[PDB]
Structures are given as C-alpha cells and as structure tokens.
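One structure below.
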Amino acid sequence: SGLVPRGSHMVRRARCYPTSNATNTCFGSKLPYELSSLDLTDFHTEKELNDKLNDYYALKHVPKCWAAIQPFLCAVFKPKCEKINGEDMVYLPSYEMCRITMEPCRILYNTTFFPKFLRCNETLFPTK
C-alpha cells in the first residue's frame with residue numbers, strides 16, 4: 001500500500017516530512033516544496049542525506065560534471081514530495097535532469113563506478 005498504480009518510474013506513495021519551517025532551499029533559490037521523502041534515498045535520516053553530499057562535493061573539481069548536477073542538485077537530494085488527491089507521493093527525476101550529468105560524464109552510462117555520487121537511475125526510463 002505505497003505505490004500508485006501507474007506505468008514507468010514516475011510517482012509512488014512514499015513518505016513525506018517537513019524540511020524547513022516555510023520551505024527547504026536549494027542553491028539559494030527556495031524549492032516549491034516544503035516537504036521531503038527520505039524514501040527517495042537509501043539513507044536512514046536527514047543528516048545522512050546531507051552528509052552524503054560531502055562525497056559528491058569532491059566532484060566540484062570537475063566543472064563539466066559539477067555544473068551537470070547543478071539543477072539536479074535539488075531533484076537529487078530534495079525531491080518534490082507532494083500529496084496527490086491526499087496521498088503523499090514523490091516526484092522522481094526526469095531522464096533529462098539525470099541526463100545532464102550523462103553529457104559530461106558518459107562513462108557512468110550504467111556502471112558502479114561512482115554510485116555514491118551518482119545516486120541517479122539511468123537503466124530505467126522515468127520520463128516525468
């Protein structure tokens with residue numbers, strides 16, 4: 001009882017918790033959502049999600065991939081978790097948003113070379 005009857009990875013009845021008093025912020029610009037779904041990740045707490053960021057942060061060295069996860073930096077850690085018809089669901093990242101990183105770093109087409117940093121689905125086609 002936690003998965004909307006739809007096709008392709010797009011939405012699912014996941015969890016949802018209040019991030020900030022008004023609404024979490026990403027790269028200065030505040031997000032349109034004030035909730036978050038830890039289920040979107042494989043962590044066990046908010047601290048874990050924000051902690052993992054440090055790992056990917058190292059990628060800063062590479063501007064090609066760095067700017068690639070700029071827009072996804074929000075759809076990767078702060079997923080748009082809203083309530084559809086009264087059901088707390090999550091909004092997975094679109095193939096495009098995730099493709100932004102594929103452009104610069106194609107070597108990660110679908111290999112376990114940098115999962116901790118990737119943490120993005122590619123083998124499947126979500127297509128928002």
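By order of appearance in the structure tokens: chains A, B, ..., then residues from 1 within every chain, and ligands from 1 in the order shown.
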
Exercise for review: Extract, using only C-alpha atoms, all DNA, RNA and protein residues at most 12 Å from residue A:57, discarding same-chain residues fewer than 3 positions from it, and format them as a list in words.
Suggested key: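 The neighbour list is residues 50, 51, 52, 53, 54, 60, 61, 62, 63, 65, 66, 67, 69, 70, 73, 116, 117 and 118 of chain A.
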
Write a file of the just-selected residues containing C-alpha atoms, as a short mmCIF file (atom, residue, chain, number, x, y, z; two decimals), in the first residue's frame.
```
data_model
loop_
_atom_site.label_atom_id
_atom_site.label_comp_id
_atom_site.auth_asym_id
_atom_site.auth_seq_id
_atom_site.Cartn_x
_atom_site.Cartn_y
_atom_site.Cartn_z
CA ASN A 50 23.12 15.99 3.80
CA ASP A 51 26.21 14.05 4.87
CA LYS A 52 26.50 12.10 1.62
CA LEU A 53 26.60 15.44 -0.20
CA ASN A 54 30.16 15.84 1.06
CA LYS A 60 33.50 20.12 -7.59
CA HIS A 61 37.00 19.75 -9.04
CA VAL A 62 35.36 18.89 -12.37
CA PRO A 63 33.26 21.79 -13.72
CA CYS A 65 30.11 17.28 -14.26
CA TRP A 66 29.76 19.84 -11.47
CA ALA A 67 27.52 22.16 -13.48
CA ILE A 69 24.31 18.26 -11.31
CA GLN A 70 23.53 21.92 -10.67
CA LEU A 73 21.24 19.05 -7.03
CA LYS A 116 27.55 7.33 -4.06
CA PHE A 117 27.93 10.40 -6.26
CA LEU A 118 25.51 9.34 -9.00
#
```

message = Please identify the strand (DSSP E or B) residues within chain A (assignment by DSSP from backbone atoms) and present them as a PyMOL selection string.
response = chain A and resi 11-12+17-18+25-26+29-30+35-36+82-84+87-91

Shortest contact to residue A:64, candidates A:106, A:83, A:6, A:128, atoms counted only C-alpha atoms, goes to A:106

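The nearest approach to residue A:14 among the residues A:102, A:108, A:35, A:59, with only C-alpha atoms taken into account, belongs to A:35.
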
Env of residue A:46: 12 Å cut, atoms = only C-alpha atoms, seq-sep filter 6 positions within chain, self excluded. Answer as an mmCIF file with N, CA, C and O atoms, in the first residue's frame.
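Below is the file part-v1.cif, written as the result:
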```cif
data_model
loop_
_atom_site.group_PDB
_atom_site.id
_atom_site.type_symbol
_atom_site.label_atom_id
_atom_site.label_comp_id
_atom_site.auth_asym_id
_atom_site.auth_seq_id
_atom_site.Cartn_x
_atom_site.Cartn_y
_atom_site.Cartn_z
ATOM 1 N N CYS A 16 6.830 11.543 3.595
ATOM 2 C CA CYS A 16 6.928 12.989 3.436
ATOM 3 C C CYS A 16 7.027 13.682 4.792
ATOM 4 O O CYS A 16 6.156 13.523 5.647
ATOM 5 N N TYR A 17 8.095 14.449 4.981
ATOM 6 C CA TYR A 17 8.309 15.163 6.234
ATOM 7 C C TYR A 17 8.674 16.622 5.973
ATOM 8 O O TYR A 17 9.281 16.966 4.958
ATOM 9 N N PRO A 18 8.296 17.502 6.912
ATOM 10 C CA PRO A 18 8.572 18.938 6.808
ATOM 11 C C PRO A 18 10.055 19.256 6.968
ATOM 12 O O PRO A 18 10.623 19.088 8.048
ATOM 13 N N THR A 19 10.677 19.717 5.888
ATOM 14 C CA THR A 19 12.094 20.057 5.908
ATOM 15 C C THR A 19 12.339 21.338 6.698
ATOM 16 O O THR A 19 12.896 21.305 7.795
ATOM 17 N N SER A 20 11.920 22.465 6.132
ATOM 18 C CA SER A 20 12.098 23.759 6.783
ATOM 19 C C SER A 20 10.756 24.331 7.232
ATOM 20 O O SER A 20 9.699 23.869 6.804
ATOM 21 N N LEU A 35 8.317 19.900 1.937
ATOM 22 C CA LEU A 35 8.411 18.549 2.482
ATOM 23 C C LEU A 35 9.521 17.761 1.791
ATOM 24 O O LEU A 35 10.101 18.219 0.807
ATOM 25 N N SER A 36 9.811 16.575 2.315
ATOM 26 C CA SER A 36 10.852 15.723 1.751
ATOM 27 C C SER A 36 10.566 14.253 2.040
ATOM 28 O O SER A 36 9.985 13.913 3.070
ATOM 29 N N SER A 37 10.981 13.385 1.123
ATOM 30 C CA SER A 37 10.768 11.950 1.275
ATOM 31 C C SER A 37 12.099 11.208 1.339
ATOM 32 O O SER A 37 12.753 10.991 0.318
ATOM 33 N N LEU A 38 12.495 10.819 2.546
ATOM 34 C CA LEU A 38 13.748 10.100 2.745
ATOM 35 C C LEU A 38 13.745 8.777 1.984
ATOM 36 O O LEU A 38 14.800 8.218 1.686
ATOM 37 N N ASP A 39 12.552 8.285 1.671
ATOM 38 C CA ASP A 39 12.409 7.030 0.942
ATOM 39 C C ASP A 39 13.073 7.120 -0.428
ATOM 40 O O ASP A 39 13.543 6.118 -0.971
ATOM 41 N N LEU A 40 13.108 8.327 -0.985
ATOM 42 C CA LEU A 40 13.714 8.548 -2.294
ATOM 43 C C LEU A 40 15.168 8.088 -2.305
ATOM 44 O O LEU A 40 15.727 7.785 -3.361
ATOM 45 N N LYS A 52 26.034 12.706 2.863
ATOM 46 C CA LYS A 52 26.500 12.104 1.619
ATOM 47 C C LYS A 52 26.927 13.177 0.622
ATOM 48 O O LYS A 52 27.823 12.958 -0.195
ATOM 49 N N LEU A 53 26.283 14.336 0.696
ATOM 50 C CA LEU A 53 26.598 15.445 -0.200
ATOM 51 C C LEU A 53 28.098 15.721 -0.218
ATOM 52 O O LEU A 53 28.670 16.030 -1.262
ATOM 53 N N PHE A 77 18.527 15.403 -4.090
ATOM 54 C CA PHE A 77 18.505 15.329 -2.634
ATOM 55 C C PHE A 77 17.168 15.818 -2.083
ATOM 56 O O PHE A 77 16.651 15.280 -1.106
ATOM 57 N N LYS A 78 16.615 16.845 -2.720
ATOM 58 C CA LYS A 78 15.338 17.409 -2.297
ATOM 59 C C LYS A 78 14.254 17.144 -3.338
ATOM 60 O O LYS A 78 13.888 18.017 -4.124
#
```

Provide the atom CA of residue A:47 to atom CA of residue A:86 distance in Å, to one decimal place.
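Interatomic distance here is 27.7 Å.
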
One decimal place gives the atom CA of residue A:95-atom CA of residue A:120 separation as 9.6 Å

_Among stretch 9-122 of chain A, which residues does DSSP mark as alpha helix (DSSP H) when it is run on the backbone? Keep the chain and numbering as in the structure and answer as a PyMOL selection string._
chain A and resi 46-57+63-66+72-77+95-102+115-118

Go ahead and save the residues from that selection, with N, CA and C atoms, as an mmCIF file, in the first residue's frame.
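Saved the output as out-v8.cif:
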```cif
data_model
loop_
_atom_site.group_PDB
_atom_site.id
_atom_site.type_symbol
_atom_site.label_atom_id
_atom_site.label_comp_id
_atom_site.auth_asym_id
_atom_site.auth_seq_id
_atom_site.Cartn_x
_atom_site.Cartn_y
_atom_site.Cartn_z
ATOM 1 N N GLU A 46 17.857 12.477 7.814
ATOM 2 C CA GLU A 46 18.189 13.682 7.062
ATOM 3 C C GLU A 46 19.694 13.933 7.074
ATOM 4 N N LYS A 47 20.300 13.810 8.251
ATOM 5 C CA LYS A 47 21.735 14.021 8.399
ATOM 6 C C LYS A 47 22.517 13.160 7.413
ATOM 7 N N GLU A 48 22.030 11.946 7.178
ATOM 8 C CA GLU A 48 22.684 11.025 6.256
ATOM 9 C C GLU A 48 22.649 11.569 4.830
ATOM 10 N N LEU A 49 21.511 12.135 4.447
ATOM 11 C CA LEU A 49 21.346 12.693 3.109
ATOM 12 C C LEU A 49 22.267 13.892 2.902
ATOM 13 N N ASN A 50 22.277 14.799 3.873
ATOM 14 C CA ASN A 50 23.116 15.990 3.798
ATOM 15 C C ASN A 50 24.587 15.632 3.976
ATOM 16 N N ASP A 51 24.841 14.507 4.637
ATOM 17 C CA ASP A 51 26.205 14.051 4.874
ATOM 18 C C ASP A 51 26.820 13.487 3.596
ATOM 19 N N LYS A 52 26.034 12.706 2.863
ATOM 20 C CA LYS A 52 26.500 12.104 1.619
ATOM 21 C C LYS A 52 26.927 13.177 0.622
ATOM 22 N N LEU A 53 26.283 14.336 0.696
ATOM 23 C CA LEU A 53 26.598 15.445 -0.200
ATOM 24 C C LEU A 53 28.098 15.721 -0.218
ATOM 25 N N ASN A 54 28.729 15.606 0.946
ATOM 26 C CA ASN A 54 30.164 15.842 1.064
ATOM 27 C C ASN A 54 30.940 14.987 0.066
ATOM 28 N N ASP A 55 30.485 13.754 -0.127
ATOM 29 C CA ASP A 55 31.135 12.836 -1.056
ATOM 30 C C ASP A 55 31.117 13.397 -2.475
ATOM 31 N N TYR A 56 29.932 13.772 -2.942
ATOM 32 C CA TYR A 56 29.780 14.321 -4.284
ATOM 33 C C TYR A 56 30.461 15.682 -4.398
ATOM 34 N N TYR A 57 30.499 16.410 -3.288
ATOM 35 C CA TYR A 57 31.119 17.729 -3.261
ATOM 36 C C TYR A 57 32.513 17.690 -3.882
ATOM 37 N N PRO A 63 34.341 20.864 -13.374
ATOM 38 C CA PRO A 63 33.264 21.794 -13.724
ATOM 39 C C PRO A 63 32.285 21.195 -14.728
ATOM 40 N N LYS A 64 32.786 20.306 -15.578
ATOM 41 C CA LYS A 64 31.955 19.659 -16.587
ATOM 42 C C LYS A 64 30.798 18.906 -15.938
ATOM 43 N N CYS A 65 31.120 18.060 -14.965
ATOM 44 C CA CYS A 65 30.109 17.281 -14.263
ATOM 45 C C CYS A 65 29.469 18.100 -13.145
ATOM 46 N N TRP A 66 30.253 18.990 -12.549
ATOM 47 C CA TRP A 66 29.764 19.836 -11.467
ATOM 48 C C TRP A 66 28.514 20.599 -11.894
ATOM 49 N N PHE A 72 20.018 19.345 -10.938
ATOM 50 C CA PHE A 72 19.632 18.072 -10.340
ATOM 51 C C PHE A 72 19.972 18.044 -8.853
ATOM 52 N N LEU A 73 20.827 18.968 -8.430
ATOM 53 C CA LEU A 73 21.237 19.050 -7.032
ATOM 54 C C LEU A 73 20.022 19.163 -6.116
ATOM 55 N N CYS A 74 18.902 19.606 -6.678
ATOM 56 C CA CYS A 74 17.672 19.759 -5.912
ATOM 57 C C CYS A 74 16.756 18.553 -6.108
ATOM 58 N N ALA A 75 16.715 18.042 -7.334
ATOM 59 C CA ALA A 75 15.883 16.889 -7.653
ATOM 60 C C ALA A 75 16.601 15.585 -7.321
ATOM 61 N N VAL A 76 17.782 15.701 -6.722
ATOM 62 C CA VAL A 76 18.570 14.531 -6.352
ATOM 63 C C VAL A 76 18.547 14.309 -4.843
ATOM 64 N N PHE A 77 18.527 15.403 -4.090
ATOM 65 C CA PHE A 77 18.505 15.329 -2.634
ATOM 66 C C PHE A 77 17.168 15.818 -2.083
ATOM 67 N N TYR A 95 14.378 11.796 -17.028
ATOM 68 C CA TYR A 95 15.541 11.321 -17.767
ATOM 69 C C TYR A 95 16.426 12.488 -18.199
ATOM 70 N N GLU A 96 15.799 13.625 -18.479
ATOM 71 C CA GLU A 96 16.527 14.815 -18.903
ATOM 72 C C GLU A 96 17.413 15.341 -17.777
ATOM 73 N N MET A 97 16.796 15.641 -16.638
ATOM 74 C CA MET A 97 17.527 16.153 -15.485
ATOM 75 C C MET A 97 18.705 15.247 -15.143
ATOM 76 N N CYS A 98 18.482 13.939 -15.219
ATOM 77 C CA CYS A 98 19.525 12.966 -14.918
ATOM 78 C C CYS A 98 20.504 12.839 -16.081
ATOM 79 N N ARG A 99 20.036 13.170 -17.279
ATOM 80 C CA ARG A 99 20.869 13.094 -18.474
ATOM 81 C C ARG A 99 21.908 14.211 -18.483
ATOM 82 N N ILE A 100 21.594 15.311 -17.808
ATOM 83 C CA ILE A 100 22.500 16.450 -17.740
ATOM 84 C C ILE A 100 23.897 16.016 -17.311
ATOM 85 N N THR A 101 23.960 15.017 -16.436
ATOM 86 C CA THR A 101 25.234 14.507 -15.947
ATOM 87 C C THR A 101 25.832 13.498 -16.920
ATOM 88 N N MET A 102 24.974 12.877 -17.722
ATOM 89 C CA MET A 102 25.419 11.889 -18.700
ATOM 90 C C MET A 102 26.235 12.550 -19.806
ATOM 91 N N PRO A 115 28.531 5.317 -7.675
ATOM 92 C CA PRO A 115 27.131 5.291 -7.241
ATOM 93 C C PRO A 115 26.840 6.322 -6.157
ATOM 94 N N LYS A 116 27.711 6.383 -5.156
ATOM 95 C CA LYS A 116 27.550 7.327 -4.055
ATOM 96 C C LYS A 116 27.339 8.743 -4.581
ATOM 97 N N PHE A 117 28.040 9.080 -5.658
ATOM 98 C CA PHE A 117 27.929 10.405 -6.260
ATOM 99 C C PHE A 117 26.755 10.463 -7.232
ATOM 100 N N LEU A 118 26.597 9.406 -8.022
ATOM 101 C CA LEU A 118 25.513 9.336 -8.997
ATOM 102 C C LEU A 118 24.156 9.323 -8.303
#
```

Between A:29, A:127, A:23, A:41, which residue has the minimum interatomic distance to residue A:94, considering only C-alpha atoms?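 For residue A:94, the nearest of the given residues is A:127.
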